[PDB]
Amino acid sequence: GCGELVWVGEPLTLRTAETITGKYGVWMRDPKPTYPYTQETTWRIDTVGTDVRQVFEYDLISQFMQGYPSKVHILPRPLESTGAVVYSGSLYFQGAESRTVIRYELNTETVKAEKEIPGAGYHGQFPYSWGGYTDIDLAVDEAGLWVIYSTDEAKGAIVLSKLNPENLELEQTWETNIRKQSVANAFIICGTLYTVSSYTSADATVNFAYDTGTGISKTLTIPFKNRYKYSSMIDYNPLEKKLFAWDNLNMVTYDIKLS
């Protein structure tokens, strides 16, 4: 059931970090779970600092919400910022101080692929508006794995590329007219890129769309609430058909409706 985004619900807080290490971070579920994981498996990365390697894994939603991790993975290389995703059994993340995306297979704790995103700015060149070295933002939608970034050639405008999830080859690339540093974050639903206007406001909006199937850009005015005034991560999960976000220590989710 695909369509255009027409509504975002109120943010629901599922867990609150208890230390400054979790002021910003990323939390996610796999929209294509593979053994031994399930649709309930949740991963959480607290991303404050300069040597971020701990990935908290929870087998059950109850554990993610109330308990300790079931397992902690120590990444073999530090991770950059909040843009990572989990897809079909692998964590896809950006290496610290690099434009390299790394595929880390969770069940074997093995790096399976690495790829420099060609021409991508990194480490504060084309972050989202809050900073945080958010230059490179991975995304999963109904069609698979994507990466959101910018390049000098694009003059800081959002570029998005479809990625091969096995070897990280770029399969197709689109260039928008949206200055990446002018929006708070972005995500992809059914092949359409959406942006959020502000990371602090209770009265933000989903303010732009770019449809990769048609090439058409639109302006939107869909209300979006940053309940805690500092959203560092906003992603879409196509299995749950919900937004997952990290807002000033709080792991939150938003329902949506599509046309």
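So that there is no doubt, residue numbering starts at 1 and follows the sequence shown.
So which stretch wins on mean C-alpha B-factor, 135-143 or 161-169? Mean B over CA atoms: larger for 161-169.
Look up the CA B-factors in the entry and say which stretch, 201-209 or 229-237, has the higher mean. For C-alpha atoms only, the mean B-factor is higher in 201-209.
For the CA B factor values reported in this entry, which option in 99, 112, 73, 180 has the top one? Comparing C-alpha B-factors across 99, 112, 73, 180, the maximum falls on 112.
Can you tell me which of 85, 117, 184, 148 has the highest Cα temperature factor in the record? Of the candidates given, the C-alpha B-factor peaks at 117.
Can you work out whether the C-alpha temperature factor of residue 16 puts it in the lowest, middle or highest third of the chain? Ranked within chain, residue 16 CA B lands in the middle tercile.
Quick check on the deposited entry: does the C-alpha B-factor of residue 37 sit in the lowest, middle or highest third of its chain? Middle third, going by the recorded CA B-factors of the chain.
Chain third (lowest, middle, highest) by recorded CA B-factor, residue given as residue 51: Tercile = highest for this residue's CA B-factor.
Lowest, middle or highest third: where is residue 89 by C-alpha B factor in its chain? Middle third of the chain for residue 89's C-alpha B-factor.
Give the position of residue 190 by CA B-factor within its chain, expressed as the lowest, middle or highest third. It belongs to the highest third of the chain when residues are ordered by C-alpha B-factor.
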